[PDB]
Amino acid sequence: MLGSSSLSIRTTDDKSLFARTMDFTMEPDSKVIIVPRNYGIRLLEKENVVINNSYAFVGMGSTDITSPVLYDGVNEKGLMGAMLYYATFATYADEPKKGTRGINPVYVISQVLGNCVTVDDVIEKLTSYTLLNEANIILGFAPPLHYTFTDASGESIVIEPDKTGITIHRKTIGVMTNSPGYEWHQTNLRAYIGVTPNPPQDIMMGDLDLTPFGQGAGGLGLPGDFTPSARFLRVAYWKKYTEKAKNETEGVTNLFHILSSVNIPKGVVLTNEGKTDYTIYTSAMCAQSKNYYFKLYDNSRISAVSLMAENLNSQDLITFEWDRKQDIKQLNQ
């Protein structure tokens, strides 16, 4: 994990959808995963302590350690959520606070999705855990994360494990990328309210008449780079000005169009080490249907996994593998 952009939206259909890109430096073995009720998810990768999960859920994630790790997903009661990179800000403890258990940052999404309904449930659950510096997701240090959640009702929150403790932001705008903290970007929005769909008025310099080249000059000032702050502003503004989605499909379509302003093609961003950082997949999920939708760097065709289609009291993890090949429809031979 190395960067990502997310947002949620509300349809006129009365549905809530959430979506996110994921950026990274290669493809990992990642599938969409359906975790059945009562499966058991650890808190710490170093202790064999299991929490029985009341709920089933589906999302993108890894099976590379003991309990499924979910980057995002939706559960059978309509809770949607994700974890996103939060570098230089994320701060964790060595020891739990008296009265809490240790949890690995990498397990937050799975635990919550499996045991919560509303955004208030999330806030409540969280006060019974301390995020811990557990080394060895055999992928190293606990990655610097922060979290967003959105429930069936359309409310979004952000949880950020800062130096000064856990920060909750309630009733947010339903946008989140990477560092810095949420209130920093919310404040940043203010510097860019002049970014609109509407063209500016022609002007004169002496005798000279000045008019735009074409269209789209309203957005002058919007940065087009892929830093977390730039991405934050493109998702928010294009969330603001994109037409309301009138049903679930349109919602998926509109989410992927907005995220398209923050999709990273392979080669245009390199890391301090010269690894390439690119959008591996984009996904979306609907609280009311509990459908998971996703598309990949190598596959523009959207796939869909339906949570309630499966037997939720299954003993076993149900799994779908990525199809990393451009799914082109041939209209003739």
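Counting begins at 1, following the sequence as shown.
Once the C-alpha B-factors are averaged per stretch, 236-244 and 136-144 rank with 136-144 first. When the two stretches 275-283 and 25-33 are set side by side, the higher mean Cα temperature factor goes to 25-33.
The entry lists C-alpha B-factors for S229, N75, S260, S128, and the highest of these is at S128. In the PDB entry, the Cα temperature factor peaks, among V122, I193, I203, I109, at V122. Split the chain's modelled residues into thirds by C-alpha temperature factor. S300 is in the lowest one. When all modelled residues of the chain are sorted by CA temperature factor, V58 is found within the middle third. Sorting the modelled residues of the chain by their CA temperature factor places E250 in the middle third. Ranked by C-alpha B-factor against the other modelled residues of its chain, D209 falls in the middle third. In this PDB entry, the Cα temperature factor of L222 sits in the bottom third of its chain's modelled residues, the lowest group.
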